[PDB]
Amino acid sequence: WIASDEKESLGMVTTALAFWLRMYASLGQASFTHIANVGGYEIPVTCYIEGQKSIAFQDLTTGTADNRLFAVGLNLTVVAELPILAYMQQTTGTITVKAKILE
Amino acid sequence: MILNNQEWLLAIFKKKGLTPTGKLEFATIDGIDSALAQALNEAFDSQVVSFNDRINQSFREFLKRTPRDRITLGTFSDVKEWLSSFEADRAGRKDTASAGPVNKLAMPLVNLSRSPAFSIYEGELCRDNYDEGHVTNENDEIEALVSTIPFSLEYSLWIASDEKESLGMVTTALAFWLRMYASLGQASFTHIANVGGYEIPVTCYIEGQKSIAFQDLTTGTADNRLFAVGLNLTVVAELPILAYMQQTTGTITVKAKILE
Amino acid sequence: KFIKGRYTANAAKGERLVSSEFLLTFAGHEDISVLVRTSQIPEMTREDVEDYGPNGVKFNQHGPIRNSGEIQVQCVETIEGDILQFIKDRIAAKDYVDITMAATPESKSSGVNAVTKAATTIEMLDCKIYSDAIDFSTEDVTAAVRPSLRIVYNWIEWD
Amino acid sequence: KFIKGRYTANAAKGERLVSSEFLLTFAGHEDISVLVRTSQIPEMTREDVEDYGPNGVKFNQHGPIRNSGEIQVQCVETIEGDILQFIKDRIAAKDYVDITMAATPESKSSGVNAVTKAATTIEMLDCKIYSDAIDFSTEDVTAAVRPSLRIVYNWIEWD
Amino acid sequence: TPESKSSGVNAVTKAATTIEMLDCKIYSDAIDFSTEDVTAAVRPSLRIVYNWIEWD
């Protein structure tokens, strides 16, 4: 949600957001990694914004007949690959190779 | 021929290096509205009426008026709201050509408004362009690289009048201006935006220019005897954004050699 | 506001053409140009010659120009039998006509630049005009009769 | 919170490309690159030699590389007749141009890895550019004219 | 199947679902790049020629 008093500031903020979102999609620009401390280990979590290039703003104010306030909304979806780990126990062994003549 | 041992020195050139900085600069969509408001006036200009008549009086008076008196700006939800705001704040006849009694509430009027919410184009007409041009100093240097992103904005036009004939004349003039000569750009305007210390032109187009359809806005003449018609328009503008740059010089040398 | 420098752009910028405006003269039969609704521009291609070198390498080479071809045109019919009489006259007497195709209606008499006008136009010489079957049926009251024309050109000229 | 160990992964992780960004240079005609809207990457295949052994066993064997092929490009037309003049010039004079297809817009000068740039780009040498028929019609006021181009490459280079 | 849990209750139900191809050749087809579809992702299409089939 973005709100402002004058319309020009709202336009500037929205234009800055749009320029950040759309430009340079192939080279990762709007994409972030969150480091999650799972157990005693640090595992990175990569998050992406689905449908990054498609941008459309929705109006949220009936008019300036009550408060003189401008509001505009946007909806986003974030895709994150959560990691899950299963504990294991390690043991050691040996493998031997032999060659033999039949009969 | 500069020849030492078995190698030739052929040429020495000069190069221009560019190293970027994080800073960015971009234009504003504020001037597009003024550009469109100015561009609309050329539809009514260059129109004449050969023979005077009682029906033609209002249209001729409207044609004689200045751009400030023809069009008013502001967003409204209802026609009654627009009329009440026009009445509350003095307007309509700022430029007077007669000192006698005049009527401030001229009947034919046009309103223009746009919605705060917008969107990127995402269509066929336009495409993202990276490094379309460069910006130079008074010297032979380069300061920034310019790229554009299409922007789609929504507009709505309201036309109102007292008699129906004047409304019909205004709407017919607008339709004639809009539809004719699409291939040779007729309804298309350029707004010059001073981004930083440099002047970069912004070209705006009307999407779906040929398709015109008017909508009625009045239930009937049972209350106020007023006629209103609306129209919706979309404008596609390629705003430029520039990334500041740093320039350095260097040289390139070319040599030929005999192996082993 | 200080004018530090100048802006220059190295890309082609211009408004996009609309395909809803065009013209088709049909040589000395200029009164038919109103009834057309669909036209095309010729193929504008060339033949290719295939060769196989040593081992399996392959090369495509420019060949002779393609002169004659086929184009499809759709028009509408009026009560006076305009298109029908036109086709009857064309079939009755062997003749070749010249068709001029333009992507713009007509340049305004300002005449700022003529190059942008000759760039979009094209001309076909020594053409033959035939027709296809025409469909008549009830159950579609609002429909209109649409003759379909097949035009064979024999040379392409520009500028 | 104690750092007991380190995490290592043996899988490919990275952002996925979006096909909405690409570049198409056309050698010395750089101003045309803005008008393109659809392109492709060459086939990248190889011939197969077919053999039958004893009984019914069968083997497919690598063959010679495929050099030449076709690719389809769709572009948009402006008022000034840029694409029409380009095609007219190409037909008038036989010549071969070089096309550099890239899957990314451009690498920022802060970019520190080059192989990720050479991996996506491809180059086609000694190419022939032709056109197809172009459709003009009324009844579609909002449509824009879309020339369709057919390009024949002769060699493929990378890295 | 994704994999067998390291419990390993039965093995014949694992070799039953798997298959192996030997001496294969990998080629590619044309790849489509276009605008007007901003949310799409590039999908290379691969053609693979196997020469023998093994199971169990």
# chains A, B, ... in the order shown; residues from 1 in each chain; ligands from 1
call {"tool": "residues_around", "arguments": {"residues": "stretch 141-154 of chain B", "least_positions_apart": "2", "cutoff": "8 Å", "atoms": "only C-alpha atoms", "output": "PDB file with C-alpha atoms, in the first residue's frame"}}
result
ATOM      1  CA  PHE A  19      11.558   0.904 -12.680  1.00  0.00           C
TER       2      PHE A  19
ATOM      3  CA  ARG B 114      -6.639  10.739 -14.974  1.00  0.00           C
ATOM      4  CA  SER B 115      -6.421   7.963 -12.407  1.00  0.00           C
ATOM      5  CA  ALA B 117      -3.138   4.041 -10.627  1.00  0.00           C
ATOM      6  CA  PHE B 118      -1.339   3.004 -13.806  1.00  0.00           C
ATOM      7  CA  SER B 119       0.486  -0.003 -15.242  1.00  0.00           C
ATOM      8  CA  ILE B 120       3.217  -1.019 -17.651  1.00  0.00           C
ATOM      9  CA  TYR B 121       2.168  -1.615 -21.247  1.00  0.00           C
ATOM     10  CA  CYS B 126       6.209  -1.026 -27.589  1.00  0.00           C
ATOM     11  CA  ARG B 127       9.200  -2.883 -26.168  1.00  0.00           C
ATOM     12  CA  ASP B 128      11.824  -2.225 -23.513  1.00  0.00           C
ATOM     13  CA  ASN B 129      14.934  -0.522 -24.882  1.00  0.00           C
ATOM     14  CA  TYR B 130      18.295  -0.572 -23.100  1.00  0.00           C
ATOM     15  CA  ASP B 131      20.992   2.006 -23.893  1.00  0.00           C
ATOM     16  CA  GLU B 132      19.046   3.676 -26.688  1.00  0.00           C
ATOM     17  CA  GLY B 133      21.293   6.739 -26.508  1.00  0.00           C
ATOM     18  CA  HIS B 134      23.975   8.599 -24.600  1.00  0.00           C
ATOM     19  CA  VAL B 135      24.314  12.043 -23.033  1.00  0.00           C
ATOM     20  CA  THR B 136      27.322  14.260 -23.764  1.00  0.00           C
ATOM     21  CA  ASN B 137      28.836  17.323 -22.109  1.00  0.00           C
ATOM     22  CA  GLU B 138      29.862  20.615 -23.669  1.00  0.00           C
ATOM     23  CA  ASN B 139      33.152  18.771 -24.165  1.00  0.00           C
ATOM     24  CA  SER B 156     -11.436  10.167 -19.220  1.00  0.00           C
ATOM     25  CA  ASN B 232     -12.114   6.950 -22.101  1.00  0.00           C
ATOM     26  CA  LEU B 233      -8.564   7.211 -23.447  1.00  0.00           C
ATOM     27  CA  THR B 234      -5.232   5.498 -22.817  1.00  0.00           C
ATOM     28  CA  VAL B 235      -1.801   7.060 -23.377  1.00  0.00           C
ATOM     29  CA  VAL B 236       1.441   5.116 -23.853  1.00  0.00           C
ATOM     30  CA  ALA B 237       4.597   7.029 -22.915  1.00  0.00           C
ATOM     31  CA  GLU B 238       8.226   5.878 -23.015  1.00  0.00           C
ATOM     32  CA  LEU B 239       9.812   7.557 -20.014  1.00  0.00           C
ATOM     33  CA  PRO B 240      13.623   7.742 -20.174  1.00  0.00           C
ATOM     34  CA  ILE B 241      15.850   6.685 -17.287  1.00  0.00           C
ATOM     35  CA  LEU B 242      19.568   7.464 -17.345  1.00  0.00           C
ATOM     36  CA  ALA B 243      22.433   5.862 -15.423  1.00  0.00           C
ATOM     37  CA  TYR B 244      25.373   8.131 -14.666  1.00  0.00           C
ATOM     38  CA  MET B 245      28.753   7.153 -16.073  1.00  0.00           C
ATOM     39  CA  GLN B 246      32.468   7.857 -15.698  1.00  0.00           C
ATOM     40  CA  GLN B 247      34.800   8.137 -18.694  1.00  0.00           C
TER      41      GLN B 247
END
call {"tool": "residues_around", "arguments": {"residues": "residue D:21", "least_positions_apart": "5", "cutoff": "7 Å", "atoms": "only C-alpha atoms", "output": "PDB file with C-alpha atoms, in the first residue's frame"}}
result
ATOM      1  CA  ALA D 103      19.621 -14.312 -24.552  1.00  0.00           C
ATOM      2  CA  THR D 104      20.326 -11.397 -22.182  1.00  0.00           C
ATOM      3  CA  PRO D 105      19.934  -7.634 -22.676  1.00  0.00           C
TER       4      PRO D 105
END
call {"tool": "residues_around", "arguments": {"residues": "residue D:143", "least_positions_apart": "2", "cutoff": "7 Å", "atoms": "only C-alpha atoms", "output": "PyMOL selection string"}}
result
(chain C and resi 18-19) or (chain D and resi 140-141+145)
call {"tool": "residues_around", "arguments": {"residues": "stretch 16-29 of chain E", "least_positions_apart": "3", "cutoff": "8 Å", "atoms": "only C-alpha atoms", "output": "compact mmCIF listing (two decimals) with N, CA, C and O atoms, in the first residue's frame"}}
result
# COMPACT_ATOMS: atom_id res chain seq x y z
N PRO D 42 19.32 -21.43 -33.46
CA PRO D 42 19.44 -22.52 -34.44
C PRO D 42 19.23 -23.90 -33.83
O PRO D 42 19.21 -24.09 -32.61
N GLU D 43 19.08 -24.88 -34.72
CA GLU D 43 18.64 -26.21 -34.32
C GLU D 43 19.66 -26.90 -33.42
O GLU D 43 19.30 -27.51 -32.41
N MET D 44 20.95 -26.82 -33.78
CA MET D 44 22.03 -27.48 -33.05
C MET D 44 21.81 -29.00 -32.98
O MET D 44 21.59 -29.58 -31.92
N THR D 45 21.88 -29.63 -34.15
CA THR D 45 21.68 -31.07 -34.28
C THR D 45 22.83 -31.66 -35.09
O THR D 45 23.78 -30.97 -35.47
N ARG D 46 22.73 -32.96 -35.36
CA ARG D 46 23.75 -33.67 -36.12
C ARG D 46 23.10 -34.83 -36.87
O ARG D 46 22.12 -35.42 -36.40
N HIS D 62 26.93 -41.01 -34.81
CA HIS D 62 27.09 -39.58 -35.04
C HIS D 62 27.54 -39.32 -36.48
O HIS D 62 28.39 -40.04 -37.02
N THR E 1 10.30 -43.47 -9.54
CA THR E 1 10.14 -43.07 -8.16
C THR E 1 11.30 -42.17 -7.74
O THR E 1 12.39 -42.29 -8.29
N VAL E 12 13.23 -55.68 -5.07
CA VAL E 12 12.68 -56.05 -6.37
C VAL E 12 11.62 -55.05 -6.81
O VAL E 12 11.38 -54.88 -8.02
N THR E 13 10.96 -54.37 -5.87
CA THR E 13 10.02 -53.32 -6.21
C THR E 13 10.70 -52.03 -6.63
O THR E 13 10.02 -51.09 -7.07
N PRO E 44 14.07 -25.22 -23.55
CA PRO E 44 14.73 -26.03 -24.57
C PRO E 44 14.08 -27.40 -24.68
O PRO E 44 13.70 -28.01 -23.68
N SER E 45 13.96 -27.89 -25.91
CA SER E 45 13.40 -29.20 -26.19
C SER E 45 14.51 -30.10 -26.71
O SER E 45 15.17 -29.75 -27.70
N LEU E 46 14.71 -31.24 -26.07
CA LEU E 46 15.82 -32.13 -26.37
C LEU E 46 15.30 -33.41 -27.01
O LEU E 46 14.25 -33.93 -26.62
N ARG E 47 16.03 -33.91 -28.00
CA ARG E 47 15.75 -35.18 -28.64
C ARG E 47 16.90 -36.13 -28.34
O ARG E 47 18.06 -35.83 -28.66
N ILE E 48 16.60 -37.27 -27.72
CA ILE E 48 17.60 -38.21 -27.25
C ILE E 48 17.39 -39.54 -27.96
O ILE E 48 16.27 -40.05 -28.01
N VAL E 49 18.47 -40.08 -28.52
CA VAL E 49 18.43 -41.33 -29.27
C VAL E 49 19.18 -42.39 -28.46
O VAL E 49 20.40 -42.31 -28.31
N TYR E 50 18.45 -43.38 -27.96
CA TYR E 50 19.04 -44.49 -27.22
C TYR E 50 19.38 -45.62 -28.18
O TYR E 50 18.82 -45.70 -29.28
N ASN E 51 20.29 -46.50 -27.76
CA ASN E 51 20.75 -47.59 -28.61
C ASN E 51 20.56 -48.97 -27.99
O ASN E 51 20.67 -49.96 -28.72
N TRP E 52 20.31 -49.06 -26.69
CA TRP E 52 20.04 -50.33 -26.04
C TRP E 52 19.26 -50.07 -24.76
O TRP E 52 19.39 -49.01 -24.15
N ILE E 53 18.44 -51.04 -24.37
CA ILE E 53 17.60 -50.93 -23.19
C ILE E 53 17.96 -52.06 -22.24
O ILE E 53 17.98 -53.23 -22.64
N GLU E 54 18.23 -51.72 -20.98
CA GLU E 54 18.57 -52.68 -19.95
C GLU E 54 17.62 -52.54 -18.77
O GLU E 54 17.22 -51.42 -18.42
N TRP E 55 17.27 -53.66 -18.16
CA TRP E 55 16.50 -53.66 -16.93
C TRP E 55 17.00 -54.77 -16.03
O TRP E 55 17.60 -55.75 -16.50
N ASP E 56 16.75 -54.62 -14.73
CA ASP E 56 17.16 -55.59 -13.72
C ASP E 56 18.67 -55.82 -13.75
O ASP E 56 19.45 -54.91 -13.49
call {"tool": "closest_residue", "arguments": {"among": "B:158, B:227, B:181, B:214", "to": "chain C", "atoms": "only C-alpha atoms"}}
result
B:181
call {"tool": "interface_residues", "arguments": {"of": "chain D", "to": "chain A", "cutoff": "10 Å", "atoms": "only C-alpha atoms", "output": "VMD selection string"}}
result
chain D and resid 1 to 9 13 to 22 103 to 108
call {"tool": "write_last_selection", "arguments": {"atoms": "N, CA and C atoms", "output": "PDB file, in the first residue's frame"}}
result
ATOM      1  N   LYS D   1      22.777 -20.691  19.416  1.00  0.00           N
ATOM      2  CA  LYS D   1      23.185 -20.854  18.026  1.00  0.00           C
ATOM      3  C   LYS D   1      24.681 -21.129  17.922  1.00  0.00           C
ATOM      4  N   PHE D   2      25.026 -22.360  17.555  1.00  0.00           N
ATOM      5  CA  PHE D   2      26.408 -22.784  17.387  1.00  0.00           C
ATOM      6  C   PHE D   2      26.593 -23.315  15.974  1.00  0.00           C
ATOM      7  N   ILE D   3      27.668 -22.886  15.314  1.00  0.00           N
ATOM      8  CA  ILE D   3      27.954 -23.335  13.958  1.00  0.00           C
ATOM      9  C   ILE D   3      28.647 -24.690  14.021  1.00  0.00           C
ATOM     10  N   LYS D   4      27.865 -25.764  13.909  1.00  0.00           N
ATOM     11  CA  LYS D   4      28.417 -27.108  14.020  1.00  0.00           C
ATOM     12  C   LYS D   4      29.156 -27.543  12.761  1.00  0.00           C
ATOM     13  N   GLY D   5      28.722 -27.088  11.591  1.00  0.00           N
ATOM     14  CA  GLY D   5      29.330 -27.534  10.358  1.00  0.00           C
ATOM     15  C   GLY D   5      29.004 -26.612   9.206  1.00  0.00           C
ATOM     16  N   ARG D   6      29.237 -27.117   7.997  1.00  0.00           N
ATOM     17  CA  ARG D   6      29.033 -26.361   6.770  1.00  0.00           C
ATOM     18  C   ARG D   6      28.100 -27.118   5.837  1.00  0.00           C
ATOM     19  N   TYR D   7      27.328 -26.369   5.054  1.00  0.00           N
ATOM     20  CA  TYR D   7      26.369 -26.940   4.120  1.00  0.00           C
ATOM     21  C   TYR D   7      26.929 -26.885   2.705  1.00  0.00           C
ATOM     22  N   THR D   8      26.856 -28.010   1.996  1.00  0.00           N
ATOM     23  CA  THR D   8      27.271 -28.090   0.602  1.00  0.00           C
ATOM     24  C   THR D   8      26.170 -28.746  -0.216  1.00  0.00           C
ATOM     25  N   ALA D   9      26.015 -28.291  -1.456  1.00  0.00           N
ATOM     26  CA  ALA D   9      24.977 -28.784  -2.349  1.00  0.00           C
ATOM     27  C   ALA D   9      25.598 -29.203  -3.671  1.00  0.00           C
ATOM     28  N   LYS D  13      21.511 -24.512  -9.111  1.00  0.00           N
ATOM     29  CA  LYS D  13      20.555 -23.550  -8.585  1.00  0.00           C
ATOM     30  C   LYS D  13      20.809 -22.198  -9.233  1.00  0.00           C
ATOM     31  N   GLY D  14      19.750 -21.568  -9.723  1.00  0.00           N
ATOM     32  CA  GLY D  14      19.889 -20.257 -10.331  1.00  0.00           C
ATOM     33  C   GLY D  14      18.553 -19.747 -10.819  1.00  0.00           C
ATOM     34  N   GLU D  15      18.538 -18.453 -11.129  1.00  0.00           N
ATOM     35  CA  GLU D  15      17.357 -17.818 -11.692  1.00  0.00           C
ATOM     36  C   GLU D  15      17.070 -18.385 -13.078  1.00  0.00           C
ATOM     37  N   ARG D  16      15.788 -18.448 -13.429  1.00  0.00           N
ATOM     38  CA  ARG D  16      15.380 -18.905 -14.750  1.00  0.00           C
ATOM     39  C   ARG D  16      15.288 -17.716 -15.697  1.00  0.00           C
ATOM     40  N   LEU D  17      15.679 -17.927 -16.951  1.00  0.00           N
ATOM     41  CA  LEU D  17      15.552 -16.865 -17.935  1.00  0.00           C
ATOM     42  C   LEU D  17      14.090 -16.556 -18.214  1.00  0.00           C
ATOM     43  N   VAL D  18      13.842 -15.314 -18.608  1.00  0.00           N
ATOM     44  CA  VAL D  18      12.576 -14.903 -19.192  1.00  0.00           C
ATOM     45  C   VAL D  18      12.838 -14.572 -20.654  1.00  0.00           C
ATOM     46  N   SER D  19      12.034 -15.139 -21.540  1.00  0.00           N
ATOM     47  CA  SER D  19      12.254 -14.947 -22.971  1.00  0.00           C
ATOM     48  C   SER D  19      11.876 -13.559 -23.451  1.00  0.00           C
ATOM     49  N   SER D  20      11.555 -12.634 -22.547  1.00  0.00           N
ATOM     50  CA  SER D  20      11.121 -11.304 -22.953  1.00  0.00           C
ATOM     51  C   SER D  20      12.288 -10.370 -23.241  1.00  0.00           C
ATOM     52  N   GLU D  21      13.504 -10.753 -22.870  1.00  0.00           N
ATOM     53  CA  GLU D  21      14.689  -9.934 -23.095  1.00  0.00           C
ATOM     54  C   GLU D  21      15.643 -10.670 -24.023  1.00  0.00           C
ATOM     55  N   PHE D  22      15.993 -10.034 -25.137  1.00  0.00           N
ATOM     56  CA  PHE D  22      16.980 -10.572 -26.060  1.00  0.00           C
ATOM     57  C   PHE D  22      17.392  -9.459 -27.012  1.00  0.00           C
ATOM     58  N   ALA D 103      20.752 -13.993 -25.412  1.00  0.00           N
ATOM     59  CA  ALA D 103      19.621 -14.312 -24.552  1.00  0.00           C
ATOM     60  C   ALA D 103      19.489 -13.364 -23.368  1.00  0.00           C
ATOM     61  N   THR D 104      20.378 -12.385 -23.246  1.00  0.00           N
ATOM     62  CA  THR D 104      20.326 -11.397 -22.182  1.00  0.00           C
ATOM     63  C   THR D 104      20.431 -10.004 -22.780  1.00  0.00           C
ATOM     64  N   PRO D 105      19.858  -8.993 -22.118  1.00  0.00           N
ATOM     65  CA  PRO D 105      19.934  -7.634 -22.676  1.00  0.00           C
ATOM     66  C   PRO D 105      21.356  -7.154 -22.864  1.00  0.00           C
ATOM     67  N   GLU D 106      22.122  -7.092 -21.778  1.00  0.00           N
ATOM     68  CA  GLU D 106      23.523  -6.701 -21.804  1.00  0.00           C
ATOM     69  C   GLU D 106      24.087  -6.904 -20.409  1.00  0.00           C
ATOM     70  N   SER D 107      25.400  -7.048 -20.288  1.00  0.00           N
ATOM     71  CA  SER D 107      26.030  -7.265 -18.996  1.00  0.00           C
ATOM     72  C   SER D 107      26.482  -5.928 -18.432  1.00  0.00           C
ATOM     73  N   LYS D 108      26.082  -5.657 -17.193  1.00  0.00           N
ATOM     74  CA  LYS D 108      26.462  -4.411 -16.548  1.00  0.00           C
ATOM     75  C   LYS D 108      27.978  -4.333 -16.427  1.00  0.00           C
TER      76      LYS D 108
END
call {"tool": "select_by_dssp", "arguments": {"residues": "chain A", "states": "strand (DSSP E)", "output": "MDAnalysis selection string"}}
result
chainID A and resid 2:4 31:38 41:49 58:59 70:73 78:80
call {"tool": "interface_residues", "arguments": {"of": "chain D", "to": "chain C", "cutoff": "6 Å", "atoms": "only C-alpha atoms", "output": "ChimeraX atom specification"}}
result
/D:31,64,77-81,130-138,141,144-145
call {"tool": "write_last_selection", "arguments": {"atoms": "C-alpha atoms", "output": "CSV table (one decimal), in the first residue's frame"}}
result
chain,number,residue,atom,x,y,z
D,31,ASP,CA,19.2,0.8,-35.9
D,64,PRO,CA,28.5,-34.6,-39.9
D,77,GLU,CA,6.8,-1.6,-39.2
D,78,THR,CA,7.1,2.1,-38.7
D,79,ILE,CA,5.8,5.1,-40.8
D,80,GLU,CA,9.2,5.8,-42.4
D,81,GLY,CA,9.4,2.4,-44.1
D,130,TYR,CA,14.2,-12.6,-47.3
D,131,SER,CA,10.6,-11.6,-46.6
D,132,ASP,CA,7.1,-13.2,-46.9
D,133,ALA,CA,3.8,-11.8,-47.9
D,134,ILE,CA,2.4,-9.0,-45.7
D,135,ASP,CA,-1.3,-8.8,-44.8
D,136,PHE,CA,-3.2,-5.5,-45.1
D,137,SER,CA,-6.9,-5.4,-44.2
D,138,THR,CA,-9.6,-3.1,-42.8
D,141,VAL,CA,-8.5,-0.8,-36.7
D,144,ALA,CA,-0.4,-3.1,-36.6
D,145,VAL,CA,1.4,-4.3,-39.7
call {"tool": "atom_distance", "arguments": {"atom1": "atom CA of residue B:116", "atom2": "atom CA of residue B:218"}}
result
25.3 Å
call {"tool": "select_by_dssp", "arguments": {"residues": "stretch 17-231 of chain B", "states": "alpha helix (DSSP H)", "output": "PyMOL selection string"}}
result
chain B and resi 31-44+57-64+67-70+79-88+164-179
call {"tool": "closest_atom_pairs", "arguments": {"of": "chain E", "to": "chain A", "cutoff": "12 Å", "atoms": "only C-alpha atoms", "output": "Markdown table"}}
result
| residue | atom | partner | partner_atom | distance |
| --- | --- | --- | --- | --- |
| E:5 | CA | A:86 | CA | 11.1 |
| E:6 | CA | A:88 | CA | 9.7 |
| E:7 | CA | A:88 | CA | 11.5 |
| E:35 | CA | A:53 | CA | 11.3 |
| E:36 | CA | A:54 | CA | 10.5 |
| E:37 | CA | A:54 | CA | 9.4 |
| E:38 | CA | A:53 | CA | 5.9 |
| E:39 | CA | A:51 | CA | 5.3 |
| E:40 | CA | A:51 | CA | 8.7 |
| E:41 | CA | A:26 | CA | 10.2 |
| E:42 | CA | A:26 | CA | 11.1 |
call {"tool": "residues_around", "arguments": {"residues": "residue A:69", "least_positions_apart": "2", "cutoff": "9 Å", "atoms": "only C-alpha atoms", "output": "PyMOL selection string"}}
result
chain A and resi 3-7+61+63-64+66-67+71
call {"tool": "interface_residues", "arguments": {"of": "chain A", "to": "chain B", "cutoff": "6 Å", "atoms": "only C-alpha atoms", "output": "PyMOL selection string"}}
result
chain A and resi 55-59
call {"tool": "closest_atom_pairs", "arguments": {"of": "chain B", "to": "chain D", "cutoff": "9 Å", "atoms": "only C-alpha atoms", "output": "Markdown table"}}
result
| residue | atom | partner | partner_atom | distance |
| --- | --- | --- | --- | --- |
| B:18 | CA | D:109 | CA | 7.8 |
| B:19 | CA | D:109 | CA | 6.5 |
| B:20 | CA | D:109 | CA | 6.5 |
| B:21 | CA | D:110 | CA | 9.0 |
| B:124 | CA | D:37 | CA | 8.1 |
| B:125 | CA | D:144 | CA | 7.8 |
| B:126 | CA | D:35 | CA | 8.9 |
| B:127 | CA | D:34 | CA | 7.8 |
| B:128 | CA | D:21 | CA | 8.2 |
| B:129 | CA | D:34 | CA | 7.1 |
| B:130 | CA | D:105 | CA | 7.3 |
| B:132 | CA | D:34 | CA | 8.9 |
| B:183 | CA | D:79 | CA | 6.8 |
| B:184 | CA | D:79 | CA | 7.2 |
| B:185 | CA | D:79 | CA | 8.5 |
| B:207 | CA | D:142 | CA | 7.9 |
| B:208 | CA | D:142 | CA | 5.2 |
| B:209 | CA | D:142 | CA | 7.4 |
| B:210 | CA | D:141 | CA | 5.9 |
| B:211 | CA | D:141 | CA | 6.6 |
call {"tool": "atom_distance", "arguments": {"atom1": "atom CA of residue D:149", "atom2": "atom CA of residue C:99"}}
result
24.1 Å
